[PDB]
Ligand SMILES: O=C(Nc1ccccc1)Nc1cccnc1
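The form deposited without the ligand is given below as one chain in structure tokens.
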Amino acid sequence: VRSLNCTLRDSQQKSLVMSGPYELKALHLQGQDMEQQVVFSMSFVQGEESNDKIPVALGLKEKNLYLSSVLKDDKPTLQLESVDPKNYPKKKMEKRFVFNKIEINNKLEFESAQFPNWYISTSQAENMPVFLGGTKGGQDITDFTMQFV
């Protein structure tokens, strides 16, 4: 399946890092301290494609960990999920692992295929988790830049 290596940064220049085994946190990084940032493998998977809308999976570079959207207390929730390292990545990923990457004026948004209009979001504050957020509109950050590695 075609994959790109990549880092993500929020629209406020916060870098993404592993908090626990299974959480990402977003924080202002600079310097050599930038080593500490998570590289994704972004996969081009089967789904609903327009010029504006590309379905992707987001895995960690050389880990069998994927971002998925899951119901956790009658709320769409972001988790890191372990997968069988022999079976992944796939072209037909399961729907919970699929995000629609939307280009919206040199920025990216990552909409969950599974929960429409829920986005990968970060907090304005330091050291908070990346979450699934349902409100675009000037409180949580929903847009990102992408860098190639």
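Sequential numbering from 1, following the sequence displayed.
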| item | value |
| --- | --- |
| Between the two ranges 98-106 and 27-35, the one averaging a larger CA B factor in the entry | 27-35 |
| Between the two ranges 45-53 and 89-97, the one averaging a larger CA B factor in the entry | 45-53 |
| Residue 12 by Cα B-factor - lowest, middle or highest third of the modelled chain | lowest |
| CA B-factor ranking of residue 69, expressed as a third of its chain | highest |
| Among modelled residues of the same chain, the CA temperature factor third for residue 18 | highest |
| Position of residue 81 among the chain's modelled residues by C-alpha B-factor, lowest, middle or highest third | lowest |
| Modelled-residue ranking by C-alpha temperature factor, third containing residue 129 | middle |
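The same protein also has a form deposited with the ligand bound, omitted here; what follows describes it.
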| property | result |
| --- | --- |
| Full three-residue contact with the ligand in the entry with it bound, heavy atom 4.5 Å, for 123, 136 and 141 | no |
| Interface membership of residue 106, the ligand in the entry with it bound, 4.5 Å heavy atom rule | yes |
| Contact of residue 119 with the ligand in the entry with it bound (heavy atom, 4.5 Å) | no |
